[PDB]
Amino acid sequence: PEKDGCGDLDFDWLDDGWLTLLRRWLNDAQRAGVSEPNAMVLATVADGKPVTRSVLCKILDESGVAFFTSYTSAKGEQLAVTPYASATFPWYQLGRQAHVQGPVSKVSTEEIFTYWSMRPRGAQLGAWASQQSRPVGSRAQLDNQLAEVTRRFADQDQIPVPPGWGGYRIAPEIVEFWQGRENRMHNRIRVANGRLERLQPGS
């Protein structure tokens, strides 16, 4: 009970729909000092087996949750074969989690440009520096990669989008809010087809 300082998560918390509540939860985490409050752990499937890693949620609206990545990465390939994902926001400090699962689609060239342009150039370089799946043996080699990319763009103030870099967006088909409680009787609300369902703590 203590952890988020709040009373029980219940149906009425969803009165303004799933989006308002997620946006509020994401803001409580930001405000409470959580590091990377917008990071989520994304699961995809590779040859029938699940694979997990962390990505940064950059857009949240009625169409779902979006993040940015190289199309050439393993996440990209896996999502190309099996375009469904699940993501979890792990807000342990507050005893909270939210999960989103659904079909994945690419974001617009439009949107890619915008979020690419807000990117601090320290990172713009970094993106370009990552030599998509090129063999690497040392760390020095990584350094050379970033030096080489840095020179190449030194006289450019408007670094362009790499040829295979864009985003993906998970549709909010199933969204679950999880509020933990000291006496293990966790509050679990699942949203699906505009219907709401309360789940037993142990699933």
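All residue numbers refer to positions in the sequence shown, first residue = 1.
- [ ] Give the stretch, out of 35-43 and 130-138, with the larger mean C-alpha temperature factor in the deposited entry.
- [x] So the stretch with the higher mean C-alpha B-factor is 130-138.
Task: Assigned third (lowest, middle, highest) for the C-alpha B factor of residue 24 - done: Within its chain, residue 24 is a highest-third residue by C-alpha B-factor, going by the deposited values.
TODO: Using the B-factors in the PDB entry, rank residue 202's C-alpha atom against the chain and give the third, lowest, middle or highest.
DONE: Highest third - that is where residue 202 ends up once the chain's C-alpha B-factors are sorted.
- [ ] Please place residue 188 in the lowest, middle or highest third of its chain by C-alpha B factor as given in the entry.
- [x] Its C-alpha B-factor belongs to the lowest third of this chain's values.
TODO: State the tercile, meaning the lowest, middle or highest third, of residue 177 with respect to the CA B-factors recorded for its chain.
DONE: Lowest third - that is where residue 177 ends up once the chain's C-alpha B-factors are sorted.
Task: Chain-relative CA temperature factor third for residue 96 - done: It falls in the bottom third of the chain.
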